[PDB]
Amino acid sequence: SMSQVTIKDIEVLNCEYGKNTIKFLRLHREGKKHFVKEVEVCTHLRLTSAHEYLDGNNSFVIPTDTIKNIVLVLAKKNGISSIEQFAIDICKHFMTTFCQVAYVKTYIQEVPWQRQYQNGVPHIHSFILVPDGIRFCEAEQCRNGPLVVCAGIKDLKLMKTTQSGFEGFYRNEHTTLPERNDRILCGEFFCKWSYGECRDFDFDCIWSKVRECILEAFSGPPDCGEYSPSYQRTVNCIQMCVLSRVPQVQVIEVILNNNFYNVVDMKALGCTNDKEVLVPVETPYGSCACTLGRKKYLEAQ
């Protein structure tokens, strides 16, 4: 119909920009005892207009360099009591300082530094990297909308060697999977939960409590464990534990990426392999994901 499209022909469905992987360590000294919080911050903005795209005019653009500067200044002046409070302080600063900001999102993850110990005695200033699951949070706010905070844990890899099966599934001409009532259940978990606009609690304490719920629901009691009839059922058991034990959690998303461990057939090698040697299949891999919300929280919107 026409030889080109012009602004009049097209709708801007989304415009977003920001600064990614702002890495720094906040050091706090109480005499000779040293405290560290090392983080990675992503902060993204949507502006009220798109002249920098549509017209080649930068008048309203806050440089991403400025976004980095603000994150480092706020760390210096405010410290970091929790990554959640820091994500909140960043979002509130952008919304209050810059009228051209329609929307702000701050994602933060912690570098998993632990204090070193010598026969139970905490070291004043020495640390070791211990990645047993990465702590993150995310704060976002629309102009004239609520400031919403999420916390989570990712790269969390749990494995139980029994009390796991997958049976009674749908069968068809392309379904060769045998029924199994014993197998290794190996999952890499991404867990993310919403507090909504709630802030009246200790962020670090509540995060720890959720992490506990995830490990406990996954494992079952330490003397006997608990049967899992699917990866999916195990995801629901985790979500329902967190919701049952942590009232501040309004919505919870859990993604389980599984690895199957095959009992190697050793008959041609002159052996019987009685669930002794198991080879992980890393690709392809199965995943399942569910998001559960409290009826009260969702209806209250």
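Counting begins at 1, following the sequence as shown.
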Residue stretch of maximal mean CA temperature factor, 68 to 76 vs 199 to 207: 199 to 207
Per the entry, higher mean C-alpha B factor between 152 to 160 and 167 to 175: 167 to 175
Between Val39, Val249, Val235, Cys42, which carries the biggest CA temperature factor in the record? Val249
By the CA temperature factor listed in this entry, which of these ranks top: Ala268, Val254, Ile62, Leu47? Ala268
Consider only the C-alpha atoms of the modelled residues in this chain, order them by B-factor as the entry records it, and name the third containing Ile83: lowest, middle or highest. lowest
Chain-relative CA temperature factor third for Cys224: highest
Going by the entry, which third of its chain does the Cα temperature factor of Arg180 land in? highest
Lowest, middle or highest third: which one holds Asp274 when the chain's residues are ordered by CA B-factor from the entry? highest
Can you tell me which third, lowest, middle or highest, the CA B-factor of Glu30 falls into for its chain? highest
